[PDB]
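FYI the Cβ positions are ideal-geometry reconstructions off the backbone, even for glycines, and counts take in every protein chain you see. Just so it is clear, none of the values below were taken in a lab; they were calculated from the coordinates.
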């Protein structure tokens, strides 16, 4: 379900982002691609705040899956910047600075807005259930294996640890 | 002082003085004819003509020094179109002069290689080579300075800089092709352009055989420097290209053209891919030969760096390109001989092993090129089969399967097989015949080795990663293939136990591996463990010690007898994780297959009961010592057989 | 934007010169207008 998908962001809203919570978040973003971009009005703000929090958390810090998720979010923000509807929980300037942050060192969004994002998060109705917000290991390993097998990540063509990890992240 | 200098209009006078030199005039004229006729002219001609062009080198040195000094003054700012044309003419003529002296020195070295003379190195030849190095370095310096001046000007912009780079790359690539097409003796002795060479190569039914012979005795430091500059220009042009079959881009600094037009002009001038791979192969061969002899020109790291750089250019600029036309060209221009050369390079690097940091960088580059070529769907399947066969690990080969595969060959082989399996499973194609054939051949070779009772060497049979990739390949099969393989395994076990008297004196090492594989099949016949995926990712698909689950007790004795904390080659390994040590749940589908037709369970149990005495007679008389390998082999085999006998129901 | 135009590999010195000319034209016209402001006469009579 989507509730178990959004648990990690809700838990991390009161702390930092646990390293354990990233890969399943990435898997949730990839598996939801067929759904994230085509939607009705009532669910759109919930998706907007979800993507805002997810982007904020990824830019606060296996590379292939992260790159795929980041491309997913960048595309969704792009087509929100083209159309923008009235009922978008995140207005156009925050999409612009979020896109900048994903391409930079994450110094755009502030606490004062992500509190409102979490509040709307809770106040928003879920896609699969009318109720509002207010095994797996082998499967995820197999997707990671297939993702690595299909395509080869650079790595050294672009080119102490944090800096080159950050540089390859911006390159992707 | 500079106010005084540009007040007198000294820039025009200095440029006019530099243009009409009595010695650069021939180079300027030749460059003009080359650009007019679209061809490329270099005339060192024969060895005698090379000497005639030589011996005047000091005048060329003093000329290039004075020209560089003149161009180092601020006399270039008002880049009018006429001034632009004059400046590019001068710079490109100087580059042509550097190319020509490099070709002359290469021809002289080839002619010296023709005749075996043991005379000591004289001072005159040393002066000549130093002069050649100085003139080529100064020519490159002049070219770079003029390019920087053109790029940063406020009257000549990006388009003129692009045309300048295109002209430089064209000259450099033509020079490299000519210098690498020098014959050792045949054309050099029978000679006593580039269009004539292309025509004569096309007319001949068979291409010039530049194979494993000693023909490529040219090359050198000058070739490496020229290739480095050419590759820099090429990567600049292709990076520009990345972001209707028209005419090739005009070779004028004032021409207007797109990046595709410039690249297509470069392709029209010379077939690029063959040239690039030829330089890669020649550079690696020279580096390896020099490294072998050892145990600028006396060091091998320069040629290895050039090879790594050209390979990295081929990877980043071409393989990963998004443009459709360049991908079409790459698909068209790949040849089987290139695959043979790549297989030779892979064999050389895996046999040689790790040597140094430059070797590490070259290995990383080769790994990346190999996997990028495999994954991104340009090579036709026949080319992949050619690469496999030249590697000696073709899935349809008739000989015995090589039980030891070197890491690079294993990586590429596993990558291709897993890609085939993934594509077939996603589409719905039944099981790929290649994997069935490889499993059958592996089992047949294993059976023959078990029958012969042969103990292989440490670098001979069945390293761990080979087995892991084989197991993962097995897991992807359908139920029919897996039950067929289990039935074949049962048949092997039943048949091989009939000659027990001969077995009693053999050393059961192949038997131990067979029993380990059977135990793994019995434990995980249906599903595939996570640690297998992690190991196959880390050991094979990750860029460049392996990770496995070897027997703690057996490896204890093996390391104790090995003593000096090395254990580089793991010979006693286990595939299943130690976590299953707790009472070891047999698979339901496994026993469902076991208690059915196509297998005869009673004689199967009898064979496993009888096989417990497969090494009883080894210790028995000749006063010969029992080495550590054999003792560990018997203990390993007995432990494996005891474990498997404790799981099968009676 | 001027720095982007100057260092590009498709737009060169001439385009940068035109960009500078346009900027200087706008700036100089603005300065002339702002320095020709009347204290009260044209300001009040412009009502």
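Taking residue B:289 and the conditions (1) more than 16 Å from residue B:267 (Cα to Cα); (2) within 14 Å of chain A (Cβ to nearest Cβ), which numbered condition does it fall short on, given that it satisfies the others? Checking residue B:289 against (1) more than 16 Å from residue B:267 (Cα to Cα); (2) within 14 Å of chain A (Cβ to nearest Cβ), the one that fails is (2). The residue list B:448, B:421 contains one member that is closer than 22 Å to residue A:145 by Cα and either under 17 Å from the mean Cα position of the chain (by Cα) or part of a helix (DSSP H, G or I) (or both), which is B:421. Determine if segment B:537-544 includes at least one residue that is buried (at least 16 other Cβ atoms within 10 Å of the Cβ) and more than 14 Å from chain A (Cβ to nearest Cβ). Checked against the condition, which is being buried (at least 16 other Cβ atoms within 10 Å of the Cβ) and more than 14 Å from chain A (Cβ to nearest Cβ), segment B:537-544 yields no hits at all. Among the helices (runs of 4 or more DSSP H) confined to segment B:124-242, the ones with at least 2 residues that are surrounded by fewer than 17 Cβ atoms within 10 Å (Cβ to Cβ) are located at B:186-190, B:195-203, B:221-242. For residue B:548, the requirement of being more than 14 Å from chain A (Cβ to nearest Cβ) and either surrounded by fewer than 20 Cβ atoms within 10 Å (Cβ to Cβ) or over 30 Å from residue B:615 (Cα atoms) (or both) is met. Whether a residue is in a helix (DSSP H, G or I), surrounded by 24 or more Cβ atoms within 10 Å (Cβ to Cβ) and under 32 Å from the mean Cα position of the chain (by Cα) was assessed, and residue B:97 does not pass this test. Among the listed residues B:605, B:525, B:520, which satisfies the condition of being away from chain A (no Cβ under 14 Å), farther than 30 Å from residue A:156 by Cα, within 36 Å of the chain's Cα centre (by Cα) and surrounded by 13 or more Cβ atoms within 10 Å (Cβ to Cβ)? Answer to the check: B:520. Check whether at least one residue in segment A:53-64 is loosely packed, with under 14 Cβ neighbours inside 10 Å and either within 10 Å of the chain's Cα centre (by Cα) or part of a helix (DSSP H, G or I) (or both), and report yes or no. Checking segment A:53-64: not a single residue is loosely packed, with under 14 Cβ neighbours inside 10 Å and either within 10 Å of the chain's Cα centre (by Cα) or part of a helix (DSSP H, G or I) (or both).
Listed here are the residues, each with its yes/no results for (1) within 20 Å of residue A:172 (Cα to Cα); (2) touching a helix residue (DSSP H, G or I) at 6+ places or on another chain (Cβ under 9 Å).
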{"position": "A:56", "(1), (2)": "yes, yes"}
{"position": "A:67", "(1), (2)": "yes, yes"}
{"position": "A:76", "(1), (2)": "yes, yes"}
{"position": "A:83", "(1), (2)": "no, no"}
{"position": "A:87", "(1), (2)": "no, yes"}
{"position": "A:114", "(1), (2)": "no, yes"}
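Helices (runs of 4 or more DSSP H) fully within segment A:100-172 that include at least 1 residues being within 11 Å of another protein chain (Cβ to nearest Cβ): A:136-150. The criterion of at least 3 residues that are touching a helix residue (DSSP H, G or I) at 6+ places or on another chain (Cβ under 9 Å) and farther than 27 Å from residue B:570 by Cβ is met by the following helices (runs of 4 or more DSSP H) wholly inside segment B:584-650: B:588-594, B:601-610. The set of residues in segment C:4-19 that are more than 19 Å from residue B:84 (Cα to Cα) and at the interface with chain B (Cβ under 7 Å from one of its Cβ atoms) contains only C:8. Here B:388, B:410, B:403, B:443 are screened, and the one residue that is farther than 30 Å from residue B:508 by Cα and surrounded by 17 or more Cβ atoms within 10 Å (Cβ to Cβ) is B:388. The condition (being away from chain C (no Cβ under 14 Å) and over 20 Å from residue B:58 (Cβ atoms)) is satisfied by just one residue among B:107, B:146, B:135: B:146.
Annotation: residue B:348 fulfils all but one of (1) crowded, with 20+ Cβ neighbours inside 10 Å; (2) away from chain A (no Cβ under 14 Å); the unmet one is (1).
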